[PDB]
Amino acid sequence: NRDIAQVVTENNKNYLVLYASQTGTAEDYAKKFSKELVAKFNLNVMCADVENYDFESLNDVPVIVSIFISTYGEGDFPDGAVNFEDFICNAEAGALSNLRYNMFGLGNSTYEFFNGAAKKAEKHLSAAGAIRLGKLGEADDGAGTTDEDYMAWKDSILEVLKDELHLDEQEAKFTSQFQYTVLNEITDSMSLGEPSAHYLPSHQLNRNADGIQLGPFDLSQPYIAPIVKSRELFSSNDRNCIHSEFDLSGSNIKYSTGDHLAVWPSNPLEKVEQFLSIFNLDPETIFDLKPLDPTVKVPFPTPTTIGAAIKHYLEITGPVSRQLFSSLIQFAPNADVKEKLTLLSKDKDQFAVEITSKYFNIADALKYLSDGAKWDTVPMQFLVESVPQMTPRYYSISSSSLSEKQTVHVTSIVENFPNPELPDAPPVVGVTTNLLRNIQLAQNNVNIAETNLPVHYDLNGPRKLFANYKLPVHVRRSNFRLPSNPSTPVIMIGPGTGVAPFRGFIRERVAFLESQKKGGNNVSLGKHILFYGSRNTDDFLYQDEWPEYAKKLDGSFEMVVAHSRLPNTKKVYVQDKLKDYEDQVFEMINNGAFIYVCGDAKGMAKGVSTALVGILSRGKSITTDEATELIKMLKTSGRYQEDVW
């Protein structure tokens, strides 16, 4: 039941496809592979999330295995795949001499340890005597080539397995892993979009004496929390960034400054409409999915309505995979479209030209090819097994648990920019962030008609479960933590929203410092310096707060702002400011300071790291390489932590 070799064998599976995915990217591609493997060779494949099984009996797997692994933190596996990571990192020599596998690693060359998880995993597997079929795939999210990278690796591996297994191909045809059934009435056991099944009327939320909602809150059961306060942090007529405050008192959730919050979204109504239209799906359709074997896991709560699935369960928005096109050939509206489609699925570049570059969503791509002709022969099952599952988006909590124990602050910059290719098309927006903004405007009685809100969301939720200004949520414990000793110096680097953690960090230090003031015994606070950065004065996050914080922390605090887009001057980054203050920074580091790097970036991570290596290199008068080794050490020990996304 958790005994991998046993599960495979008992269910007579010909192939095993494992995946270690944090955000689900690895999982979805794993599914794409599995589906195609069934479509072309009718193999009875097993899709498993590496986290749900015990790989002790891995060397007893009579079938070939495909491993899809992502890289996080250092060159390490996704949280909750460490068990797997350890079985591997501990498997002795010859411990997996029967294992035959191929692996596709998902990473991003913008980080040091690019695809290191897959690499580590490939090094230990071969160490235990496992034979590796085909080339080690490496999807580079940094170059935005992940989908094509997969297509490339995919095609070559399938050839290999065709040989290795002596399989006879066949025209690719879809085969549901479920038993689709169309119901007629809606029960209390049927979902209208509720997150986990526990929120279905016919189910009882597990609380305590005082009604406080209990149970563990994670990806398999969020906690619907209300956003009690919300405001705009920017003052730019093009960009927005929202400050959201979540009340967690109605639950036994505890968070530590430095943790992450996962916000479960829903789709923009105007996109839900586009999807439902191009296919010609009736929202009111009630359906149920019945697995065709124990290995198969229903995607979301069922039965449910088509419109609920498309609004709360499927990622109908985002870049269309070329593989989707290939899989859509079976249900082309007409011979015409079927041909155009066929071509695009095969031509890497034409696909990018006709679809990708225009920022299409499935709805758009298809409507583009059909010229409006609906794709009314596409099965909801296919759509369910073929469209990526919606997934929570994470945020660096910007509140202090010591001064907010029950409340959680989130600093999300809204994603919404003009289509670079189509000057008349709608903006390219992000679900969650625009959703958070919608709630923000709403909650504040802002006339959203005037605003630049590009889309809008169902703010009531399923059965009004989202009781105005509420959303499924769950805390994700991290390692980003302030030093134990208050005296230890601290260095915080966070461009843009990357300052979120640091706001909490400072709020923690400021809160703490208060307590000491009502207890006499004062502890001297080590030096705390912050390097922040933003375009101009309109995107200067929590501008008003820092001066107050500074007053309460006195000389223990120091902020260094940099602006990359002020008119008439030269673009300045935090790494630039790091070199300006190299003496201060070097000194602090020689005093055991801790280095914190947070934010999005695409570059900033290595940039800042490189800056420090320079500072160190000059400071201790050693080579760049030595200094690089010293920096790697500070990261291994934990004196240099990074929360870069």
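Residue positions are given as counts along the sequence shown, with the first one as 1.
Engineer: Per the record, averaged over C-alpha atoms, which has the higher B-factor: 455-463 or 383-391?
Structural biologist: Per the PDB record, 455-463.
Engineer: Higher mean Cα B-factor in the deposited model: 277-285 or 203-211?
Structural biologist: Averaged over C-alpha atoms, the B-factors run higher in 203-211.
Engineer: Taking the Cα B-factors listed in the entry, which of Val428, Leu161, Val431, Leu292 comes out highest?
Structural biologist: Result of the comparison over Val428, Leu161, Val431, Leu292: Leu292.
Engineer: If you check the C-alpha B-factor for each of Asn416, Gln323, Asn102, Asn521 in the entry, which is highest?
Structural biologist: Of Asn416, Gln323, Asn102, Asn521, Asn521 has the highest C-alpha B-factor.
Engineer: Would you mind checking where the Cα B-factor of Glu122 ranks among the modelled residues of its chain, as the lowest, middle or highest third?
Structural biologist: For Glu122, whose C-alpha B-factor we compare with every modelled residue in the chain, the answer is the highest third.
Engineer: Using the B-factor values recorded in the entry, state whether the Cα atom of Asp583 falls in the lowest, middle or highest third among the modelled residues of its chain.
Structural biologist: Its C-alpha B-factor, which the entry lists for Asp583, ranks in the middle third among residues of this chain.
Engineer: Taking the C-alpha B-factors as the PDB entry records them, is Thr624 in the lowest, middle or highest third of its chain?
Structural biologist: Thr624: CA B-factor falls in the highest third of its chain.
Engineer: Among the modelled residues of its chain, does the C-alpha B-factor of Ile69 lie in the lowest, middle or highest third?
Structural biologist: Answer is middle: the recorded C-alpha B-factor places it there.
Engineer: Which third of the chain holds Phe41 when residues are ordered by C-alpha B factor: lowest, middle or highest?
Structural biologist: Its C-alpha B-factor belongs to the middle third of this chain's values.
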